[PDB]
2 protein chains.
Amino acid sequence: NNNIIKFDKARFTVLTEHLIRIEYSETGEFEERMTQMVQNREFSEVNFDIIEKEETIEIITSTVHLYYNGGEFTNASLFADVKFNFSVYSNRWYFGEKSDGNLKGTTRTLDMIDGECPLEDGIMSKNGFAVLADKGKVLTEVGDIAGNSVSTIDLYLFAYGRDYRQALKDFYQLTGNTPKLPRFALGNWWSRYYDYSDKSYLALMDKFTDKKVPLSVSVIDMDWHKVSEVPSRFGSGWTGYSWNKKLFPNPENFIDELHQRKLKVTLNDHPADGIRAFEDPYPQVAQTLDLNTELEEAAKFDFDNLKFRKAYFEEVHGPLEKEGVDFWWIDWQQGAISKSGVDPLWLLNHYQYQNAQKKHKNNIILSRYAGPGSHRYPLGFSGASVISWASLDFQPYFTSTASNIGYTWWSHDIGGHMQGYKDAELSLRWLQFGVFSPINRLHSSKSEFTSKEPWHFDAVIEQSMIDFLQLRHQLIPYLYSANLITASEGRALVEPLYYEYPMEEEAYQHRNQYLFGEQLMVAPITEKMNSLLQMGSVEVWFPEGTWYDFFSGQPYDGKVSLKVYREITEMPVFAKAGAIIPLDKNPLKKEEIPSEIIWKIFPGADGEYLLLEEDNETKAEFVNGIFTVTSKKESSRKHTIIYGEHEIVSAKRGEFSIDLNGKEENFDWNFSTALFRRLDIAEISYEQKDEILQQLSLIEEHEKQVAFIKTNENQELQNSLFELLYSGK
Amino acid sequence: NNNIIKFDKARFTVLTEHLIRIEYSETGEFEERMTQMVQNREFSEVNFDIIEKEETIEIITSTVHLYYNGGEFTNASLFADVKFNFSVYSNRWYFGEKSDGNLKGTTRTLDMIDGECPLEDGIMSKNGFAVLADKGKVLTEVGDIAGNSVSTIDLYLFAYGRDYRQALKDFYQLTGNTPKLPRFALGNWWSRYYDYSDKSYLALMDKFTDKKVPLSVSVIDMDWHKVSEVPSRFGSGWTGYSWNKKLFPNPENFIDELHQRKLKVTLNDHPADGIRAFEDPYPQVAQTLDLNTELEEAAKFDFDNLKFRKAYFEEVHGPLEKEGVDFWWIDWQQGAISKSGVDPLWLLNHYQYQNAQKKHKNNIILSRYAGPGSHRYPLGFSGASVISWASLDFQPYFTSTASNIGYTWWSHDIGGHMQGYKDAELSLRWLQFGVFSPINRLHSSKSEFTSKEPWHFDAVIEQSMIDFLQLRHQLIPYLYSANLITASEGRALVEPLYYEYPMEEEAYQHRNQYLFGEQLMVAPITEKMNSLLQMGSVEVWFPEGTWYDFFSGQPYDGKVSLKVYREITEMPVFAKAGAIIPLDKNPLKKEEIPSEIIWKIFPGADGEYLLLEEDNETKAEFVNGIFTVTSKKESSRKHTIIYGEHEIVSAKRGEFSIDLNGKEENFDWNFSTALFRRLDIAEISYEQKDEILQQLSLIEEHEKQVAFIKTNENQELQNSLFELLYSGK
Ligand SMILES: OC[C@H]1O[C@H](O[C@@H]2[C@@H](O)[C@@H](O[C@@H]3[C@@H](O)[C@@H](O[C@@H]4[C@@H](O)[C@@H](O)O[C@H](CO)[C@H]4O)O[C@H](CO)[C@H]3O)O[C@H](CO)[C@H]2O)[C@H](O)[C@@H](O)[C@@H]1O
Ligand SMILES: OC[C@H]1O[C@H](O[C@@H]2[C@@H](O)[C@@H](O[C@@H]3[C@@H](O)[C@@H](O[C@@H]4[C@@H](O)[C@@H](O)O[C@H](CO)[C@H]4O)O[C@H](CO)[C@H]3O)O[C@H](CO)[C@H]2O)[C@H](O)[C@@H](O)[C@@H]1O
């Protein structure tokens, strides 16, 4: 190709104006095969310039000067200057050195993490460049490990500046796009490390129904298999492939009962102790792998071994899939050691994801992160977080930052996994976040005390949790459409603010704030409430424009940074003027696709929403106050329109238009009602409540209402009253 | 042997069902010679199974699967699964990797340590396996360094599960048993970094006699030799081999005076500056080593050099031994550097211990720990601890944990060495521990203010220290018998609780609690007293059974964890129902073996004690209330019997039996007396003392006495009163 340049023992491939592959080969042979990370090096031709001399070469694109002075790659021989001024003297890459600016990526797991842990770098940098080293093995055409690359150094220089979305799109072109998820993955999951019977598990699923809590997924954790019943001469019961017949005397019948309730079923698999002589599948595996059964030779875990993988999928997983298991929860915690040098977690995710496609279309796994490119094997499983406010306060930042290495389907244990402390408010705040996260999977530890069942908690917490769990199912149309946009266009569901606002310093100063699809901006509360206010809070950055609370219609004039206060039952979620959000009207109704959509419209601007579905596309347009709905294919779907406060159209079939210029634009939300509510719940003196209500009612000029609250001895009460005054300005 | 298997470049020796030697050789030659660590690879034949294929081998014992996949040893090629379920997924060893569970061992020294320091691993693990790498040089048949092993990797896989005692016994079979100590080592030692004269040292020894404090050992620290008198052109006076003639004008006469007082004599040796031209032995050493005397060439320390070692033992130590020095205090702090790569401390301990056997039977050294196997060279010398509560609080744990690498004769500076802070209670608590430690050596810094003389302190502290120092000599029969059991049976004097109680979680949660021989359980107090109670405390775990305070007879019903309180003059030491403890009746009497033994019997169960001595064995049996004493050889020894409270038999000669079924079983200890004493010393309100005494006297039901103390505003006073109520239940 003209986009390929050799010089000395190096090869440079200009993939885009902003993406250069850099290779070294001692043998003069360079690597064309795919790697664990890289699936495609076919990119459209681009323009660039070369200055080639006897001893040096310079490659010049629109955004980078790449220099190579010959010899072995060192910090002195291989380096690059970006054509940006984001920093005064951090604009140079040196081979093998770190520079400032990296916005980070993700890490394998949150196992045993109480609050923050270090993250690996991603491809995004405030200074406009990042290097992604390809240290993986080569693949065969069909995707097996083939051994060591002939490019003994193989790097990708990203020089996208602050065009983060294009960097991620081209990363997906290089490493392969995320596959489409199935719609069932986006609903509520039930999980608990608890020794249920068939009977008690079905009773709990029927209790969810009775309690008006929708579920898509039934997880069965490790007590599905033999645990205490494993003879100690075999080691532990952690690994198992044999049903506990006391708890599950007829597994296929039990899975049939979950399938009748329209649940997908996954089992915990701890693979590390392989298939030992006590297991139900051992006689078949022993025959296939020529094991010495009289010496009870174990089929040890070896995902480098083709015969072991086949016996694992066909003879261990196969019989359980035949009983009705839909997909695998790969729960690997036993290290990164293999003879090949390939991480066993990568071998599991790669081969299990491929194998899951045999029995179900667009099937998933649930497994820990296995390095760049492992987004090809959703879903991410973050693991055994400590139950704490600190863990919750880390998790929104963790989730949005992961988009910077393309790993956009993290499933966290909602409410935290293990250890830590009881606080029903922490559980409720964690579920609020979960509902506005990639995946909403309730899960917990082997404690008698850590169930995430809403009715574990008091009547107030229970009702709020049920409301949020129903909201998750209302959001499935929006989530599923965003899922198809991840798969087809390389856009993350969850974006850091700086994807949309790369030049706004405040977009880098609100770690836990994020965009959730294209219509919603989320600022989860992740700190225990101030007991004097009976409200939690978060500092929200409002970009330029008019914003509304998604739930209340409270307005906010951007651009501003403003501390916002919510009761424990309420979450800060915002939509711009012109936002259109579809909701399932019937979130409890078991049906493959919604028979009714609510179109929720935020007044004050034009807007547009495209609802992508399995077998349709539906466009909602809001232009000069006219709302139009069209679809590619006709259906019997009934549309409901909510314009600000008011239901305008109820259950209307087919394509249509309706003029909303005549209809009431304003939400009900008002300063006086909100003021009364905040004062009434506050654990402060009644004389202070009386004086604030009287003075804020009497004082007419906005600037003098603000001067009055500025005198308040309660600093946080000032900020809460200021939020109401700012919204009422 | 059938217990030897070769595969690829590896050799496996199945020494026991639970102990496998693992070797790699590039040359096809494997090492048969002893090493610094290993003295014996002769073990009885055991059964095991092999699965040998073209490319892999598996060795199977009762407790482990050892796997080798060929090639160089890596974490992927060499690994093992234990046949235990102590953990869920920590049951696998990977070559070159650490696993969880190791119960730790010991370290070189406590020099400069204020409280805790890190320890090396031992051979004991809660998860049931440990690997002991042999990185040492090979020895010749006579025990000189021979150079590098031909087994370039040489490992010992221990897979004993929680059979800790058998692991230690087989460790001693591999590395050699601890030698027998001489009886004199088990008495009190006097030491102080102080510039005594012959006259002032003998005056102090005569003051110990006048004060009723028995001593076995007189240590003379470095001011025995020239210090300030060394010309600075030679360096410091730290190393010296020349008596300071002002302080010791006739050394042999002074050592004769200590020998007449039945004291063994040791001198401090700082070897690192060798024999310089100012030293008294230099002319002889210079002649032997062909040194240039006109250029004052030093005989530099070089324990790799046979001629240097001979001149050191024969011409430097020899003349001092001829003046009467009994054994050497090797005080090495100058690093681990030698041309051979052997630690100079190991060369000193190995060669000096061997050389000490020439002039005295079962002789000792006193030196720092020199790695696994250095238990062959007792005694351990922990060195320059900081004088602090933190240092004392670490030291029982330090001492019992050392049994996990077989190093069972640690001698700590009792009361701490240097720096730190004055607190007479810390000195007293430290001496209590010392008396129930392997060796009771009083030692201190060059301060005018740090003498460990009991009469340094007030009358209360002095009398308590004298009482504990007399108790050490009462315990010499018990210590000496346990010493012969260490030497012959590989059982440590000091055991962690988990040796006796491996499956009790509480045996891992009382770091400072230990078994002291087979009849006593010690819980030293290592925290400053609560001034409101005038008592210190420690949480004691009482195993199943009936336990008695060794001193008071206070009873405790196991199994329970219970906070116990003692005045600063009293130490928590416990014996089970049926315990028999021999004591010297005449601890001040100078005699090679006791002319009278007290047999102290704890009622309520059968018991047995075997008193091993230099030239006898005496068995005390307590069966169905009959006490019998028999001996292998007749003697004129007089036996005293104390059954619980009461002396039954006084000074009875020969073998005999006596029925104690008719005699009073109960100790005097009673709730009311103990209650009055605790209230009386407490620095609390008299109205609280009055109310507690009155209410606990009046309230009859035990559960209501406990309910009354539960209302007390003083939390620690509750726990102290609860201990009395628990003992009185
Ligand atoms: O010759 C000038 C000066 O250089 C050396 O000291 C520097 C020091 O004064 C200071 O300078 C920074 C600038 O680097 C520039 O930084 C911005 C930063 O403020 C922020 O806006 O973010 C951008 C983007 O990331 C930065 O690049 O301007 C600011 C003022 O706002 C100056 O403070 O810091 C740098 C880095 O530590 C120093 O190199 C020199 O030592 C000194 O003697 C001299 O006067
Ligand atoms: O599939 C189950 C679970 O596995 C992963 O998370 C684990 C996490 O739930 C937790 O589990 C432990 C168990 O490991 C077991 O541990 C005991 C320990 O309690 C104690 O008794 O001492 C023994 C001996 O040393 C341990 O082996 O049982 C306890 C309950 O008492 C569980 O808490 O901790 C481990 C280790 O961190 C996790 O691997 C998985 O991430 C999770 O999603 C899943 O539900």
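Residues numbered from 1 in each chain as written, not as in the entry; some residues may be left out. Chains lettered and ligands numbered in written order. Part of a larger assembly, values for the part shown. Heavy atoms only, no water.

Structure determination for the deposited model, as stated in its record, used X-ray crystallography, and the stated resolution is 1.800 Å.

### Topic: the nonpolar core
The biggest cluster of nonpolar side chains holds 133 residues, and the ones touching the most others in it are A:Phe436, A:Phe516 and A:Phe627. Look past the residues within four positions of A:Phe436 in its chain and what remains in contact with it is A:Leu471, A:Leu475, A:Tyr514, A:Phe516, A:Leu520, A:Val522, A:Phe551, A:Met571 and A:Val573. (Core = buried A, V, L, I, M, F, W, Y, C linked by side-chain atoms within 4.5 Å. Buried < 20%, exposed > 50% of the residue type's maximum accessible area, 1.4 Å probe, protein only. Contact = heavy atoms within 4.5 Å.)

### Things to note about the relation of the copies chain A and chain B
Superposition of the two copies of the chain requires a rotation about an axis together with a shift along that axis. Between chain A and chain B, the superposition needs a rotation of 120° and an axial shift of 0.0 Å, giving an RMSD of 0.0 Å. In the structure described here, the two chain copies are related by an operation that fits a three-fold rotation axis. Looking at the rotation axis and the C-alpha trace of chain A, the residue lying nearest is A:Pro118, at 15 Å. (Least-squares fit on C-alpha atoms.)

### Structural notes on a negative patch on the surface
On the surface, A:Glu645, A:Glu664, A:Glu665 and A:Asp668 cluster together to form a negatively charged patch. Among the secondary structure elements, A:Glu664 is positioned in the loop between β37 (656-659) and α12 (671-681). (Patch = residues over 30% accessible without salt bridge, like charges linked within 9 Å, V, L, I, M, F, W, Y side chains within 5 Å. Areas by Shrake-Rupley, 256 points an atom, 1.4 Å probe, with all protein chains shown as cover. Salt bridge = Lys/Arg side-chain N within 4 Å of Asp/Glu carboxyl O. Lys, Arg positive; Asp, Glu negative; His and termini not counted. Charge placed at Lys NZ, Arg CZ, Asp CG, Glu CD. Helix = DSSP H or I, 4+ residues; strand = E, 2+ residues; numbered from the N terminus.)

### A short note on the interface of chain A and chain B
Facing 15 residues of chain A, the contacting portion of chain B comprises 22 residues. Between chain A and chain B, a total of about 1600 Å² is buried, with carbon and sulfur atoms accounting for 60% of that surface. The residue A:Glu297 makes a salt bridge to B:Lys53 at a minimum N-O spacing of 2.8 Å. Linking chain A to chain B there are 4 residue pairs in polar contact. (Buried area = accessible area lost by both parts, 1.4 Å probe. Polar contact = N/O pair within 3.5 Å; in protein donor to acceptor, adjacent residues only side chain to side chain.)

### Some remarks on unusual backbone geometry
Going from A:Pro378 to A:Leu379, the amide bond is cis rather than trans, its omega being 10°. One can find A:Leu379 in the loop between β17 (365-366) and β18 (380-381). Put simply, B:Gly558 and B:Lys559 share a cis peptide bond, and its omega is -5°. With respect to the helices and strands, the residue B:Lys559 is situated in the loop between β27 (555-557) and β28 (560-566). Phi is positive for B:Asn362, which is not a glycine, with a value near 60°. Tracing the sequence through the fold places B:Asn362 in the loop between α6 (344-356) and β17 (365-366).

### Quick notes on the sheet that holds strand β36 (residues 646-653) of chain B
Residue and element names in this part refer to chain B. Taken together, 4 strands build an open sheet; the order of strands is β30-β31-β35-β36 and the sheet is mixed. Only two strands of the sheet have a single neighbouring strand rather than two, namely β30 (580-584) and β36. Pairwise comparison of adjacent strand axes, ignoring direction, gives a mean angle of 20° for this sheet. Where β30 and strand β31 (residues 596-601) come together, 5 bridges link them in antiparallel fashion. In the sheet register, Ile581 faces β31, and the bridge partner there is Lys600. (Pairing = 2+ DSSP bridges. Axes fitted to C-alpha atoms, helices over the stretch in contact; angles between N-to-C directions.)

### A few points about the packing of helix α9 (residues 459-474) of chain B against helix α10 (residues 476-489) of chain B
All names here are of chain B. For the pair α9 and α10, the least separation of the axes is 5 Å and the interaxial angle reads 45°. Compared by their axis directions, α9 and α10 come out oblique. Counted together, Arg472, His473 and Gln474 of α9 and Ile476, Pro477 and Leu479 of α10 form the full contact between these two elements. A breakdown of the residues in the contact of α9 with α10 according to their chemical character gives 3 nonpolar, 2 polar and 1 charged. (Parallel < 35°, antiparallel > 145°, perpendicular 65-115°, else oblique. Nonpolar A, V, L, I, M, F, W, Y, C, P; charged D, E, K, R; others polar.)

### A few points about the sheet that holds β17(B)
All names here are of chain B. Pairing within the open sheet is parallel, and its 7 strands lie in the order β17-β16-β15-β14-β13-β21-β20. What marks the edges here is a single partner per strand, and that holds for β17 and β20 (413-414). Inspection of the sheet shows strand β14 (residues 217-220) paired to strand β15 (residues 264-269) by 4 bridges, in the parallel sense. Paired with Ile220 across the bridge in β15 is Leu267.

### Side note on the pattern of salt bridges
All names here are of chain A. This model, assessed by the stated rule, comprises 91 salt bridges over all chains. The residue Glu462 makes a salt bridge to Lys211 at a minimum N-O spacing of 2.7 Å. Of this pair, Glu462 sits in helix α9 (residues 459-474) while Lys211 sits in the loop between α2 (198-210) and β14 (217-220), and the two are 251 residues apart along the sequence. Looking at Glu462, the relative accessible area reads 14%, which means it is buried. On the basis of relative accessibility, which here comes to 28%, the residue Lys211 falls in the partly exposed class.

### Some remarks on the pairing of strand β1 (residues 4-7) of chain B
Residue and element names in this part refer to chain B. Burial along β1 is one-sided: the residues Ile5 and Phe7 are buried and none of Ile4 and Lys6 is. In this sheet, strand β2 (residues 10-16) lies alongside β1 in antiparallel orientation, the contact comprising 4 bridges. By the bridge assignment, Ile5 is partnered in β2 with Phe12. Linkage of β1 to β2, two consecutive antiparallel strands, is achieved through a turn of 2 residues, within which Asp8 is found at a positive phi near 55°.

### Brief notes about the site of ligand 2
Taken together, 19 residues lie near ligand 2, and A:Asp221, A:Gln333, A:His417, A:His443 and B:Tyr89 sit nearest. One finds residues of chains A and B in close proximity to ligand 2. Note that an oxygen atom of ligand 2 is positioned 3.5 Å from one of the side-chain N or O atoms of A:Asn268. A:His417 places a polar side-chain atom, nitrogen or oxygen, 2.8 Å from an oxygen atom of ligand 2. Relative to its unbound accessible area of 830 Å², ligand 2 is 64% covered by the protein chains. Of the residues belonging to the shell around ligand 2, the class tally is 10 nonpolar, 5 polar and 4 charged. (Near = heavy atom within 4 Å.)

### Points about the packing of aromatic side chains
Using the criterion set out here, one finds 125 aromatic pairs over all chains in the structure. Between B:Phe301 and B:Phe308 the ring centres are 5.8 Å apart and the planes differ by 75°, which places this aromatic pair in the edge-to-face class. Among the aromatic residues, those joined into a ring-pair cluster are A:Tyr241, A:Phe301, A:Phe303, A:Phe308, A:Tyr312, A:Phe313, A:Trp332 and A:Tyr351. For A:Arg309, the ring lying beneath its charged end belongs to A:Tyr351, and the centroid distance is 3.7 Å. (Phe/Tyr/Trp six-rings, centres within 6.5 Å; stacked < 30°, edge-to-face > 60°. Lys NZ or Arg CZ within 6 Å of the ring centre and 35° of its normal.)

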